[PDB]
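Below you'll find the structure, written out as structure tokens, and then a few comments.
6 protein chains.
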Amino acid sequence: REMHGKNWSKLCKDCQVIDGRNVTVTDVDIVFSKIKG
Amino acid sequence: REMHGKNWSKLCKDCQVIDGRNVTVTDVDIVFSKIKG
Amino acid sequence: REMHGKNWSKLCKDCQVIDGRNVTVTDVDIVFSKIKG
Amino acid sequence: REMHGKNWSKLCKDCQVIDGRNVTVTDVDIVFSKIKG
Amino acid sequence: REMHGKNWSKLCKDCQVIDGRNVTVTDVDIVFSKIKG
Amino acid sequence: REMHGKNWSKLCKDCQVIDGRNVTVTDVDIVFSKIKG
Numbered sequence: 081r082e083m084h085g086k087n088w089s090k091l092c093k094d095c096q097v098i099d100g101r102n103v104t105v106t107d108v109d110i111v112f113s114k115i116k117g
Numbered sequence: 081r082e083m084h085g086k087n088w089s090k091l092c093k094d095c096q097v098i099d100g101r102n103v104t105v106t107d108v109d110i111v112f113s114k115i116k117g
Numbered sequence: 081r082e083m084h085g086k087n088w089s090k091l092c093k094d095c096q097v098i099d100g101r102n103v104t105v106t107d108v109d110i111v112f113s114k115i116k117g
Numbered sequence: 081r082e083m084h085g086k087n088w089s090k091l092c093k094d095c096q097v098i099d100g101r102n103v104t105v106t107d108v109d110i111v112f113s114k115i116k117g
Numbered sequence: 081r082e083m084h085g086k087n088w089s090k091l092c093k094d095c096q097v098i099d100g101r102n103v104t105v106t107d108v109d110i111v112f113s114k115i116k117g
Numbered sequence: 081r082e083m084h085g086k087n088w089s090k091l092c093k094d095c096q097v098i099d100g101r102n103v104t105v106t107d108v109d110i111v112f113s114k115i116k117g
């Protein structure tokens, strides 16, 4: 709940990422899904 | 709930990202979905 | 709820992003969706 | 030297092609080059 | 030297192709080169 | 020198191809080269 990230960093919570230089997604139904109740 | 990110950083909460230099998405049904109740 | 991001940063909450230099999206049904109840 | 191609065809000589439905080229120096002497 | 290709065909000579539905080229120096003397 | 290819075919001579549905090329120096003398 207190995130402190200095030069050139990366942090997350509950995150979903596809980090990276050359990214390619093809021929997909769904990429990100969430549900609650 | 208190995020402190100095020069050249990245932080998130509940985030969903596709970070990156050359990004390509093709032939997709859905890319981001959320539901609550 | 208190986000403090100095020079050249990125932060978010509940965010959904497609950050990146060369971005291309093609032949898609939906890109961003949300629902509540 | 005599090419006869009926409905819905493709033919070539000395050809260089990038045929196709969804085409994407990115971050390239050269795509087509020829030299003679 | 006499090519006869009926409906829905493909033929070539000396050809160089990248046929196909979803085509992606990225981060390349050269894609097609020829030299003679 | 006489190529006869009916519906839904493929033929070539001296050809160089990358046929196929989902094609991806990445981080390449050269893809096609020829030399003569």
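Chains as they are written, first to last, in the working numbering: chain S, 81 to 117; chain D, 81 to 117; chain X, 81 to 117; chain U, 81 to 117; chain E, 81 to 117; chain Z, 81 to 117. All C-beta atoms, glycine included, are put in the ideal place defined by N, C-alpha and C.
Whole angstroms are fine: how far does the CA of S:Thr106 sit from the CA of X:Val111?
Residue 111 of chain X sits at position 31 when you count from the first residue of the third sequence. Residue 106 of chain S sits at position 26 when you count from the first residue of the first sequence. Going by the C-alpha atoms only, they are around 14 Å apart.
Is the closest heavy atom of the ligand COA to the C-beta of D:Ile115 under 7 Å?
Because no ligand of any kind appears in the structure shown, any question about the ligand COA cannot be addressed here.
For E:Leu91 versus Z:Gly85, is the C-beta distance shorter than 8 Å?
Along the fifth sequence, read from residue 1 onward, the residue named residue 91 of chain E stands at position 11. Along the sixth sequence, read from residue 1 onward, the residue named residue 85 of chain Z stands at position 5. The answer is yes: Cβ separation under 8 Å.
With a CB to CB cut of under 6 Å and the five nearest residues on each side skipped, what residues in its chain are close to X:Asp94?
On the third sequence, position 14 is the one that residue 94 of chain X refers to. Nothing listed; no residue qualifies.
Is E:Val97 closer than 8 Å to U:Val108 when the C-beta atoms are compared?
Position 28 of the fourth sequence, counted from the start, is the residue given in the question as residue 108 of chain U. Position 17 of the fifth sequence, counted from the start, is the residue given in the question as residue 97 of chain E. No.
I want to see whether chain S comes within less than 8 Å of E:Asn87, judged by CB atoms only; does it?
The residue labelled residue 87 of chain E in the question sits at position 7 within the fifth sequence. Chain S, which has no Cβ nearer than 8 Å to the Cβ of E:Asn87, makes this no.
Taking the alpha-carbon positions, what's the X:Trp88 to D:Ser89 distance?
Looking up residue 88 of chain X in the third sequence gives position 8. Looking up residue 89 of chain D in the second sequence gives position 9. Using only the alpha carbons, I get a separation of about 7 Å.
S:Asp107 touches chain Z at which residues, Cβ-Cβ below 7 Å?
Indexing the first sequence from 1 puts residue 107 of chain S at position 27. The contacting residues are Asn102.
From what residue to what residue does the beta strand (DSSP E) around E:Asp107 run?
For this step, residue 107 of chain E is matched to residue 27 along the fifth sequence. Looking at the DSSP string, the run of the beta strand (DSSP E) that includes E:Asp107 is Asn102 to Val108.
Taking the beta strand (DSSP E) that S:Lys93 falls in, what are its first and last residues?
The residue you call residue 93 of chain S lines up with position 13 of the first sequence. That run of the beta strand (DSSP E) goes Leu91 to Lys93.
Once DSSP output is grouped into helix, strand and coil, what is the label at X:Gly117?
Locating residue 117 of chain X in the third sequence gives position 37, counting from the first residue. Note: X:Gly117 maps to coil in three-state DSSP.
Just the C-alpha distance for D:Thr104 and Z:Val103, rounded to the nearest angstrom, thanks.
For the purposes of this step, residue 104 of chain D is identified with residue 24 of the second sequence, where counting begins at 1. For the purposes of this step, residue 103 of chain Z is identified with residue 23 of the sixth sequence, where counting begins at 1. Rounded to whole angstroms, D:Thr104 to Z:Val103 spans 13 Å at the Cα level.
If you draw a straight line from the alpha carbon of S:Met83 to that of X:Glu82, how long is it in whole angstroms?
If you number the first sequence from 1, residue 83 of chain S lands on position 3. If you number the third sequence from 1, residue 82 of chain X lands on position 2. Between S:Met83 and X:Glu82, the C-alpha separation is close to 11 Å.
Look up U:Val97 in the DSSP assignment and give the residues it is bridged to.
Here residue 97 of chain U is taken as the residue at index 17 of the fourth sequence, counted from 1. DSSP, once it has assigned bridges, lists E:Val97 as partnering U:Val97.
What's the C-alpha gap between S:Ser113 and U:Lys114?
Indexing the first sequence from 1 puts residue 113 of chain S at position 33. Indexing the fourth sequence from 1 puts residue 114 of chain U at position 34. Spanning the two alpha carbons is a distance of roughly 49 Å.
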